[PDB]
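Okay, here we've got a single chain as structure tokens, the form deposited in one PDB entry, with questions on binding and movement later.
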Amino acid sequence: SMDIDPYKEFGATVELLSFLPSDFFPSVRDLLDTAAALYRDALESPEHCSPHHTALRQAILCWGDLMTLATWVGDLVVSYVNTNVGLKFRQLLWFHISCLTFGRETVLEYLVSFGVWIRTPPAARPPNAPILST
């Protein structure tokens, strides 16, 4: 059987996105709303635009597929998707939306800095976390 890593073609790995703690990522609702707010025109375009655009299109739709099945169930069902699957798509949606805004290299440097920073005990950790920028 196959083992495909969604981030490998984009220069990262599943293990790398997991270096960021689970409570770092915005909610799925807030990420989808931002993909719309920032990239709706391109996401709906007939042009490919970029591999990030192509991947982001499918991620949005797939979460739609998971939600349409969960909402057709009825509460206990919706909890399973949000608990298990939810973090997976919060990393994926965050990765692609951030890469489109700031660039892939900039996103990866930020990911490591934050992961090291958030892991430093509070007694020693600098007051300002690293920030993302161009």
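For the two forms, the rigid core is made up of the largest set of C-alpha atoms that agree within 1.5 Å on superposition. Residue indices: 1-based, along the sequence shown.
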Quiz item: How much of the deposited sequence is absent from the coordinates between residue 74 and residue 75: none, 1 to 3, 4 to 9, or 10 or more residues?
Solution: 4 to 9
Quiz item: Between 94 to 102 and 65 to 73, which has the larger average Cα B-factor in the PDB entry?
Solution: 65 to 73
Exercise. Give the stretch, out of 51 to 59 and 75 to 83, with the larger mean C-alpha temperature factor in the deposited entry.
Key: 75 to 83
Quiz item: Ranked by Cα temperature factor within the chain, is residue 116 in the lowest third, the middle third or the highest third?
Solution: lowest
Quiz item: By its CA B factor, does residue 123 count among the lowest, middle or highest third of the modelled residues in the chain?
Solution: highest
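What comes next is about the form deposited in another entry, which does not appear here.
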Self-check item: Core-aligned C-alpha movement of residue 113 between this form and the one not shown, 2 Å or more
Solution: yes
Quiz item: Under a superposition restricted to the rigid core, does residue 102 display a Cα displacement of 2 angstroms or more between this form and the one not shown?
Solution: no
Quiz item: Core-aligned, does residue 126 move its Cα 2 Å or more between this form and the one not shown?
Solution: yes
